[PDB]
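As a starting point, one isolated chain is supplied in structure tokens, in the form deposited in one PDB entry.
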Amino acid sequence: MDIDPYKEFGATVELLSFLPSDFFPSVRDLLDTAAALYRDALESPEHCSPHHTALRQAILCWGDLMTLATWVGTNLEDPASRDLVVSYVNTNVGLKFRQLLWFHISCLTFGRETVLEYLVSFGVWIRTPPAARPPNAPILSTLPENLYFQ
């Protein structure tokens, strides 16, 4: 099976990968923001939206990954091996979940169409030589609805 978690939301893994890793907040800061803005909906008995359903699973999945990675660290006897697991998590699944958590949080706040336009706008800006581009980054909020019955 070949499932792209962005495809039902009108995006792709390749489109999120257009952004450099430095664009994304940390996982902990994304999780804090999801709580600050959406805790009640995420904890509610209501689906709310496909974005809420996906964001719930992504939050819990990161917890699963951290529980496994922590248990692995607990059994490692070499301090350099423990560093290897951390660096493996941060370099691989960490970036994947920063992309994913950011995508759902930003879509819930600003809308898919605005988010996809911002992804392109920032990705083009950061690829322009710094001496040739505007000094500040484009701003997500400065950019210019199905009811999901079941």
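One rule holds for the numbers: they count along the sequence shown, beginning at 1. Note that the rigid core is defined as the largest set of C-alphas that superpose within 1.5 Å between two forms.
In this crystal structure, the stretch out of 104-112 and 90-98 whose C-alpha atoms carry the higher mean B factor is 90-98.
Comparing 80-88 with 56-64, the stretch with the higher mean C-alpha B-factor in the PDB entry is 80-88. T128: CA B factor lies in the lowest third for its chain, per the PDB record. Ranked by C-alpha B-factor against the other modelled residues of its chain, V13 falls in the lowest third. When the CA B factors of the chain's modelled residues are split into thirds, the value for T70 lands in the highest one. Annotation for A36: CA B-factor lies in the middle third of the chain's modelled residues. Compared with the other modelled residues of the chain, the Cα B-factor recorded for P138 ranks in the middle third.
Another form, the form deposited in another entry, is not on view; read the next lines as being about it.
Of the residues checked (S49, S121, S26, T109), the rigid-core alignment between this form and the one not shown shows a Cα shift of at least 2 Å for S121 alone.
Once the cores line up, the CA of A137 ends up 2 angstroms or more apart between this form and the one not shown.
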